[PDB]
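These protein sequence lines map, in sequence, to chains A and A'. A prime marks a further copy of an entry chain.
The first sequence runs 1 to 68, 72 to 387, 395 to 451 under the entry's author numbering.
The second sequence runs 1 to 68, 72 to 387, 395 to 451 under the entry's author numbering.
Even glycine gets a Cβ: it sits at the ideal position worked out from N, Cα and C.
Notes follow the structure.
There are 2 protein chains.
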Amino acid sequence: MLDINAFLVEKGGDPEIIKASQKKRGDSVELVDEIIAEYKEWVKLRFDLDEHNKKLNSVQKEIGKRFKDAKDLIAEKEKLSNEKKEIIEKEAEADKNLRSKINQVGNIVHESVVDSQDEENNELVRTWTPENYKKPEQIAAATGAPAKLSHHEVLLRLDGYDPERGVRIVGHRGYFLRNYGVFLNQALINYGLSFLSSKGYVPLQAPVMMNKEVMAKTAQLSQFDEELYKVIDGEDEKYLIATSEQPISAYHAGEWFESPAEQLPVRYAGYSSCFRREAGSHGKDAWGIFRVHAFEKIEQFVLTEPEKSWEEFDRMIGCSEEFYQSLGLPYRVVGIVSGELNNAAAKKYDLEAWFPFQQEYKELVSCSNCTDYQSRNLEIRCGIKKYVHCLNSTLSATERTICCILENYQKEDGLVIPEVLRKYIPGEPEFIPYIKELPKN
Amino acid sequence: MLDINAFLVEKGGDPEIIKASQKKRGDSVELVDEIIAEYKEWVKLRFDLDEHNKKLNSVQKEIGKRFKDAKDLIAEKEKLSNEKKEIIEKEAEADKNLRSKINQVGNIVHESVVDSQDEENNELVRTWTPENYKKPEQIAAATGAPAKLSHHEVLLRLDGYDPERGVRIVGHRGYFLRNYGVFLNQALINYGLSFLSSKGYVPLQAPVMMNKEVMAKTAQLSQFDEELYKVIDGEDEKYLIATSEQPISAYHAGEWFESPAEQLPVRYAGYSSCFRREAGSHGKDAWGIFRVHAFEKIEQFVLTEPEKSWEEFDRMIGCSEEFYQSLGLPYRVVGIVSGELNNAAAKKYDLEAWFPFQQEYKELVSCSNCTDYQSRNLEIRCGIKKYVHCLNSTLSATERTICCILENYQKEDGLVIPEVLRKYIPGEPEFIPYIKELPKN
Ligand SMILES: Nc1ncnc2c1ncn2[C@@H]1O[C@H](COS(=O)(=O)NC(=O)[C@@H](N)CO)[C@@H](O)[C@H]1O
Ligand SMILES: Nc1ncnc2c1ncn2[C@@H]1O[C@H](COS(=O)(=O)NC(=O)[C@@H](N)CO)[C@@H](O)[C@H]1O
Ligand SMILES: Nc1ncnc2c1ncn2[C@@H]1O[C@H](COS(=O)(=O)NC(=O)[C@@H](N)CO)[C@@H](O)[C@H]1O
Ligand SMILES: Nc1ncnc2c1ncn2[C@@H]1O[C@H](COS(=O)(=O)NC(=O)[C@@H](N)CO)[C@@H](O)[C@H]1O
Ligand SMILES: [Mg+2]
Ligand SMILES: [Mg+2]
Ligand SMILES: [Mg+2]
Ligand SMILES: [Mg+2]
Numbered sequence: 001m002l003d004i005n006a007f008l009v010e011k012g013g014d015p016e017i018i019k020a021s022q023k024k025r026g027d028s029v030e031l032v033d034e035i036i037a038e039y040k041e042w043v044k045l046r047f048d049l050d051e052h053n054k055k056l057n058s059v060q061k062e063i064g065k066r067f068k072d073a074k075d076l077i078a079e080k081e082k083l084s085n086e087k088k089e090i091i092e093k094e095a096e097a098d099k100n101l102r103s104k105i106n107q108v109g110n111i112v113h114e115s116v117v118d119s120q121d122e123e124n125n126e127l128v129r130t131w132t133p134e135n136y137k138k139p140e141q142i143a144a145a146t147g148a149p150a151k152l153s154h155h156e157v158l159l160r161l162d163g164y165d166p167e168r169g170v171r172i173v174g175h176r177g178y179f180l181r182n183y184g185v186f187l188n189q190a191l192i193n194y195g196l197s198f199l200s201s202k203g204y205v206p207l208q209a210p211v212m213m214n215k216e217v218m219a220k221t222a223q224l225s226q227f228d229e230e231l232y233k234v235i236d237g238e239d240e241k242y243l244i245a246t247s248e249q250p251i252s253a254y255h256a257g258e259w260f261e262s263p264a265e266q267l268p269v270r271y272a273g274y275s276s277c278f279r280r281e282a283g284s285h286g287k288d289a290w291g292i293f294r295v296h297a298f299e300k301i302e303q304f305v306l307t308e309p310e311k312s313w314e315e316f317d318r319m320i321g322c323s324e325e326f327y328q329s330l331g332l333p334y335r336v337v338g339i340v341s342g343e344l345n346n347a348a349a350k351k352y353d354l355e356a357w358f359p360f361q362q363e364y365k366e367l368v369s370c371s372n373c374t375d376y377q378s379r380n381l382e383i384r385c386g387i395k396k397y398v399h400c401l402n403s404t405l406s407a408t409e410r411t412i413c414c415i416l417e418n419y420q421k422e423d424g425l426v427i428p429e430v431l432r433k434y435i436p437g438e439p440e441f442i443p444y445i446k447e448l449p450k451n
Numbered sequence: 001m002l003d004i005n006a007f008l009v010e011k012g013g014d015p016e017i018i019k020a021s022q023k024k025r026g027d028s029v030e031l032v033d034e035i036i037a038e039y040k041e042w043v044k045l046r047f048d049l050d051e052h053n054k055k056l057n058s059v060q061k062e063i064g065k066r067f068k072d073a074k075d076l077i078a079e080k081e082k083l084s085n086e087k088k089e090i091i092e093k094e095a096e097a098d099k100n101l102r103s104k105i106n107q108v109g110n111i112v113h114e115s116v117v118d119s120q121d122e123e124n125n126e127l128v129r130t131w132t133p134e135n136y137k138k139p140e141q142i143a144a145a146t147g148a149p150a151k152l153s154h155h156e157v158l159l160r161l162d163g164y165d166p167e168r169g170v171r172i173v174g175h176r177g178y179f180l181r182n183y184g185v186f187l188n189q190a191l192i193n194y195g196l197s198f199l200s201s202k203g204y205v206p207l208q209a210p211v212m213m214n215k216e217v218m219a220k221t222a223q224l225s226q227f228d229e230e231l232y233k234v235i236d237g238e239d240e241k242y243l244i245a246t247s248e249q250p251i252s253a254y255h256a257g258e259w260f261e262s263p264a265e266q267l268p269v270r271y272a273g274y275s276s277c278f279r280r281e282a283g284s285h286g287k288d289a290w291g292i293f294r295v296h297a298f299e300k301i302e303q304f305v306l307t308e309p310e311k312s313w314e315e316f317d318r319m320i321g322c323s324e325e326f327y328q329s330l331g332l333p334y335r336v337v338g339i340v341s342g343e344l345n346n347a348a349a350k351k352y353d354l355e356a357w358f359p360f361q362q363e364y365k366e367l368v369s370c371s372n373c374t375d376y377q378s379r380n381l382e383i384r385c386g387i395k396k397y398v399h400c401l402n403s404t405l406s407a408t409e410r411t412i413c414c415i416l417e418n419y420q421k422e423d424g425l426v427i428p429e430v431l432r433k434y435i436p437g438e439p440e441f442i443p444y445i446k447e448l449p450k451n
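Below, the structure written as structure tokens:
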């Protein structure tokens, strides 16, 4: 969340900036005034508590002297004490409601972000096409072949996954990966780790379960509602993670980078499976492994000094671009409109790759600067309270990245294996043949 | 479960064999007599239902004729019908209780299994040591160095995992893998897949969630009690899998290998994460990644003709032995006593590898022939009811396999990388240095 003092003009903050941000977000502007009011009530209670302590100390110090009368001093002590009890209770309630309200306020939207609720207004930041690919159309970028099949059709013809047995065993969107489906997924995981490791990222495999209290410090309420699976463990509960961002953001909770010039930035190549209920996503992207309930993801997670996060943000999206360029996948980078930012993000870029069968750009990567919104909550201090900035960016959500590869590397008789992945696959195949026909053809 | 007819002498079965097996298992022998009694009650009801149908048909066929009187035929129809209703209800209840009882009976213990409740009596099947390793002692097998550190100490000195941040974020046994911890885990996963794929196994990545009704057909009750995590999905529930054995065993549920000579055996190299509450395991193996709540495992899963399963069982444990030999890890293979077999297993071998710091053999692999116990429940038919046999065997539970490597590949200044894994790790290191000191030293 934002610092309390950010709401307080008298403390150096600017509530106006916060209201403007709320407006850009399409979120409550009223929250800001309410937060300010409750803060003043809290301060009043704190002063009153202070005064009662002063009176109490004065009174019991008098009782000591008249200990030589003194049922009146006692009568007042009991009075002041009873009042103090009440004040103590109100203060704690006020602090609670104040923090609850502040928790609802999204991070300050960066001035460079387009103010809109309509993704049609996403900023077109950059476009990239591979060599020998004239323009985005219904043509597999890597092979030049007609993009005749969708990703799920390609994967079926390759005998690379099993949605039918998947659905019977797990329910909707359930799947097994098979044969080269497994090998390609592993290839992306290992290439991704190797790729980031070469750039100084530390490989970090995160647990996929988190304690509720920790999850609550890094995920917003809406995620608990329609995103996260709850785990029952005897009499206890945990959550399954939606992204390694969650546990890795808490990795340095309560720690202090007290010599940041030498200690930061810290860069993690996160790897985990990810689990999402997709509770608001019915029917959309029904077949294939494009949108599923469980998937693997190589994540960039970085902590930097507050003064260096914006440069790091550029470095991180640049890292993902280089990764997709290395796979020969056409893409565009877009600046997400204010109305589509989650609470933690001050700025977000998505990399959307070209799917030639769909003939559409589809999101493969989100890259966010969350400044100190999460680190304040997790108490991750920086230097000299000053907190580190946290940024996160997809490197590769592997099953969805496979979908993009499938459409762009297809040809008449099968699938060309992207050159950079070959060394990660037994036999280092350059090409794998279609094994099955589609029922429809 | 076993076939109903197995309990019925008149149907060609031998209840005596089943009672002897129950006794070997240390399980209820009474169950068998009860199952036989309830079957007879069920048969009685079936005959009575049959007779009522005959009478009813006779009666309503008379009512048709007197339709030319006839309130007596009607009075009897209503009588017979009311009786039939009751019989129908009793029959269904009997069938239910009969199957419930049969479900409690473990598979027939193979005659070659030692009859005992005490693992001290496990059969010592085979022992193996690598080259230049005289005998199992407190010496790292691969390097000849003193086995000075436990697996968790080695992993800590390598900065290869983080149990402290793991515990804070997930709770007891929680961990992150870091740096070469991640690379070694991936190395084992990919080597294992490549290894089995070269032997004709089909790589199959299983989903880690299963519908309750399907899980119930392959897991025994005790697993639901202290092993499986339940998942909350809105108003629905699923289970997390304890092993890819579970979903892969259900992969061919309701299918029919009608030309088994050509269609079987079918061999899967299963890969998944695995989740276990270890609810009955408090404090034991407290530190390290030897016994954890989440781990990866490459699994052998095979379906064969009933007449070929015993030969396949030998092939499968042989495959695992070859795998550990290739890693240079000393081990023994033991025939598990009858009293330690789960319900599905007719026979089980464990491969237990030498941990030189612990100076003990520790289980890394279980290999089981479950004959047709699971396939009967999942309706996986074979030829010409005749069901396939199912077998399963660990190839590598990767985190625990890492523990064995750590103790056996340690030397004074760090860890030698097993030769076969080198190609799976960026830089193909032959050795990685200790990075941190232990607090205690
Ligand atoms: N037809 C293909 N077969 C295999 N890999 C391909 C194919 N097309 C593109 N790629 C992969 O995608 C990457 C980007 O390809 S590219 O944009 O066309 N450029 C190049 O190929 C060269 N600039 C470098 O190889 C390549 O390095 C290659 O690994
Ligand atoms: N339900 C899903 N199925 C398959 N892939 C998904 C699913 N949801 C998200 N992804 C993939 O994972 C990527 C990152 O997810 S995200 O929600 O957008 N952002 C994050 O999780 C951040 N931690 C950055 O990775 C998406 O861009 C998409 O490529
Ligand atoms: N000191 C070591 N360094 C790296 N790898 C080792 C070491 N010791 C054993 N291994 C691995 O474990 C395997 C089995 O080793 S062995 O039993 O001693 N036998 C041999 O090394 C030879 N028979 C084949 O290399 C070897 O193939 C090797 O890959
Ligand atoms: N809690 C755990 N933590 C780490 N590894 C475990 C844990 N439980 C089991 N394993 C590893 O997984 C292996 C197989 O597990 S098993 O329960 O014995 N058997 C199975 O699951 C069978 N499907 C065969 O693999 C064990 O031999 C052990 O090496
Ligand atoms: Mg928002
Ligand atoms: Mg996104
Ligand atoms: Mg038993
Ligand atoms: Mg076992």
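Taking a cut of 8 Å between CB atoms, which residues from the segment 184-210 of chain A' lie near chain A? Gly-184, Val-185, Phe-186, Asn-188, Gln-189, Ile-192, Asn-193, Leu-196, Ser-197, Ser-200, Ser-201, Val-205, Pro-206, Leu-207, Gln-208, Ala-209 and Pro-210
What are the boundary residues of the alpha helix (DSSP H) that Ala-37(A') is part of? On the second sequence, position 37 is the one that residue 37(A') refers to. Run containing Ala-37(A'): 30-65, per the alpha helix (DSSP H) assignment.
Straight-line Cα distance separating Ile-36(A') from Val-368(A'): Locating residue 368(A') in the second sequence gives position 365, where the first residue counts as 1. Locating residue 36(A') in the second sequence gives position 36, where the first residue counts as 1. Going from the Cα of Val-368(A') to the Cα of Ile-36(A') covers about 37 Å.
N- and C-terminal bounds of the beta strand (DSSP E) containing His-399(A'): By 1-based counting over the second sequence, the position of residue 399(A') is 389. Here the beta strand (DSSP E) through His-399(A') covers 399-407.
If we ignore side chains and look at the alpha-carbon of each, how far apart do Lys-93(A') and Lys-54(A') end up? Within the second sequence, the letter at position 90 stands for residue 93(A'). Within the second sequence, the letter at position 54 stands for residue 54(A'). Approximately 19 Å between the Cα atoms of the pair.
Check for me: the beta strand (DSSP E) holding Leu-207(A') runs from which residue to which? Here residue 207(A') refers to the residue found at position 204 of the second sequence. Counting along the chain, the beta strand (DSSP E) containing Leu-207(A') begins and ends at 205-208.
Please report the straight-line C-alpha distance between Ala-349(A) and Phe-179(A), rounded to a whole angstrom. Here residue 349(A) refers to the residue found at position 346 when the first sequence is read from its first residue. Here residue 179(A) refers to the residue found at position 176 when the first sequence is read from its first residue. Each residue's alpha carbon lies about 37 Å from the other.
Please look up how many angstroms separate the CB atoms of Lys-300(A') and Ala-190(A'), rounded, as I've assumed it's under 8 Å. Numbered from 1 along the second sequence, position 297 holds the residue referred to as residue 300(A'). Numbered from 1 along the second sequence, position 187 holds the residue referred to as residue 190(A'). Rounded, the Cβ-Cβ distance is 15 Å, inconsistent with contact.
Report back the beta-carbon spacing between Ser-371(A) and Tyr-397(A) to the nearest angstrom; my notes put them in contact at under 8 Å. As a position in the first sequence, residue 371(A) is number 368, starting the count at 1. As a position in the first sequence, residue 397(A) is number 387, starting the count at 1. Cβ-Cβ separation between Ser-371(A) and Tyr-397(A): approximately 16 Å, too far for a contact (criterion under 8 Å).
Could you compute how far the alpha carbon of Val-116(A') sits from the alpha carbon of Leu-158(A')? Translated into the one-based positions of the second sequence, residue 116(A') becomes position 113. Translated into the one-based positions of the second sequence, residue 158(A') becomes position 155. In a straight line, the C-alpha of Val-116(A') is about 38 Å away from that of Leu-158(A').
Return the CA-CA distance between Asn-110(A) and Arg-46(A), expressed in angstroms with no decimal places. Within the first sequence, the letter at position 107 stands for residue 110(A). Within the first sequence, the letter at position 46 stands for residue 46(A). Looking at the two C-alpha atoms, the distance is approximately 28 Å.
At least three beta-carbon pairs within less than 8 Å, the segment 148-155 of chain A to the segment 187-205 of chain A': no
Compute every distance between the C-beta of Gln-223(A') and the non-hydrogen atoms of ligand 1, then say whether any falls below 8 Å. Counting from 1 along the second sequence, the entry for residue 223(A') is found at position 220. Answer for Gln-223(A'): no, Cβ out of range of ligand 1.
With ligand 4 as the reference, list in chain order each residue whose Cβ lies under 6 Å from any of its heavy atoms. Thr-246(A'), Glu-248(A'), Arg-279(A'), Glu-281(A'), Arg-294(A'), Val-295(A'), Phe-298(A'), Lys-300(A'), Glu-302(A'), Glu-366(A'), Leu-367(A'), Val-368(A'), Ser-369(A'), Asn-402(A'), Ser-403(A'), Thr-404(A'), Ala-407(A'), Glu-409(A') and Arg-410(A')
Check whether the Cβ of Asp-353(A) sits closer than 8 Å to any heavy atom of ligand 6, and report yes or no. The count along the first sequence starts at 1 and reaches residue 353(A) at position 350. Indeed, a heavy atom of ligand 6 lies less than 8 Å from the Cβ.
Sequence ranges, beta strand (DSSP E) only - wholly within the segment 277-302 of chain A, length at least 3: none
Could you check how far apart the C-beta atoms of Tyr-183(A') and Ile-442(A') are, in whole angstroms? I think they sit under 8 Å. Reading the second sequence from its first residue, position 180 is the one you call residue 183(A'). Reading the second sequence from its first residue, position 432 is the one you call residue 442(A'). Confirmed, about 5 Å.
Report the neighbours of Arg-432(A') on chain A: residues whose CB is nearer than 8 Å to its CB, in chain order. Counting from 1 along the second sequence, the entry for residue 432(A') is found at position 422. Here the premise fails: no neighbours, minimum Cβ distance about 14 Å.
Shortest alpha-carbon distance to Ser-197(A') belongs to which of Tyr-204(A), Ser-197(A), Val-185(A) and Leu-207(A)? Stepping through the second sequence from its first residue, residue 197(A') is reached at position 194. That would be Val-185(A), whose Cα lies nearest to the Cα of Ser-197(A').
Reduced DSSP category for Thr-307(A') - H, G, I as helix; E, B as strand; rest coil: Mapped onto the second sequence, residue 307(A') falls at position 304. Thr-307(A') falls in the strand class under three-state DSSP.
Is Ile-235(A') close to chain A? Criterion is C-beta to C-beta, closer than 9 Å. Reading the second sequence from its first residue, position 232 is the one you call residue 235(A'). Chain A contact via Cβ: present.
Determine the DSSP secondary structure at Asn-345(A), reduced to helix, strand or coil. Here the question's residue 345(A) lines up with position 342 in the first sequence. Looking at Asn-345(A) - three-state DSSP - the assignment turns out to be coil, as it is neither helix nor strand.
My guess is that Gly-273(A') and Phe-304(A') are in contact by the Cβ rule of under 8 Å, so how many angstroms apart are they, rounded? Along the second sequence, one-based indexing puts residue 273(A') at 270. Along the second sequence, one-based indexing puts residue 304(A') at 301. With 8 Å as the limit, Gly-273(A') and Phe-304(A') qualify as a contact, their Cβ atoms being about 5 Å apart.
Would you check if there are 3 or more beta carbon pairs closer than 8 Å linking the segment 230-240 of chain A' to the segment 259-270 of chain A'? no
If I follow the unbroken beta strand (DSSP E) through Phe-441(A'), where does it start and stop? Start at 1 with the first residue of the second sequence, and residue 441(A') comes out as number 431. Per DSSP, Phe-441(A') belongs to the beta strand (DSSP E) from 441-443.
With distances taken from CA atoms, which of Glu-248(A'), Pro-139(A') and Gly-237(A') is nearest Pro-359(A')? Position 356 of the second sequence, counted from the first residue, corresponds to residue 359(A'). When only C-alpha atoms are compared, the closest one is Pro-139(A').
Suppose you measure from the CA of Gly-163(A') to the CA of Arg-181(A'); what does that come to, to the nearest Å? Taking the second sequence and counting its residues from 1, one reaches residue 163(A') at position 160. Taking the second sequence and counting its residues from 1, one reaches residue 181(A') at position 178. Each residue's Cα considered, the two are about 5 Å apart.
Straight-line gap, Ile-4(A) to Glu-314(A) (C-alpha atoms, nearest Å): As a position in the first sequence, residue 4(A) is number 4, starting the count at 1. As a position in the first sequence, residue 314(A) is number 311, starting the count at 1. Roughly 27 Å between the two C-alpha positions.
To be precise: take each residue of the segment 167-181 of chain A', compare its Cβ to all Cβ atoms of chain A, and keep it if any distance is under 9 Å. Which residues remain? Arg-168, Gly-169, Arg-171, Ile-172, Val-173, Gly-174, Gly-177, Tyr-178, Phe-179, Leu-180 and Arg-181
With a 10 Å radius around its C-beta and 16 neighbouring C-beta atoms as the bar for buried, classify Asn-193(A') as buried or exposed. If you number the second sequence from 1, residue 193(A') lands on position 190. Counting Cβ neighbours within 10 Å, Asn-193(A') comes out buried, since at least 16 surround it.
Which residues does DSSP pair with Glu-363(A') in a beta bridge? One-based indexing of the second sequence puts residue 363(A') at position 360. Bridge partners of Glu-363(A'): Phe-358(A').
Below 6 Å CB to CB, which residues in the same chain sit around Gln-362(A) once its five sequence neighbours on both sides are set aside? In the first sequence, the residue the question calls residue 362(A) occupies position 359. Only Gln-141 meet the Cβ criterion.
Quickly, what does DSSP pair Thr-130(A') with across the bridge? List them, please. Position 127 of the second sequence, counting from 1, holds the residue named residue 130(A'). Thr-130(A') pairs with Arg-335(A').
Could you check whether the segment 316-325 of chain A touches the segment 400-420 of chain A, counting it as contact only if at least three pairs of C-beta atoms, one from each stretch, sit closer than 8 Å? yes
Contacting positions in the segment 265-290 of chain A - beta carbon closer than 7 Å to chain A': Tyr-274, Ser-276, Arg-280 and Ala-282
Does the beta carbon of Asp-121(A') come closer than 9 Å to any beta carbon on chain A? The residue given as residue 121(A') occupies position 118 in the second sequence. With 9 Å as the cut-off, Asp-121(A') does not count as an interface residue toward chain A.
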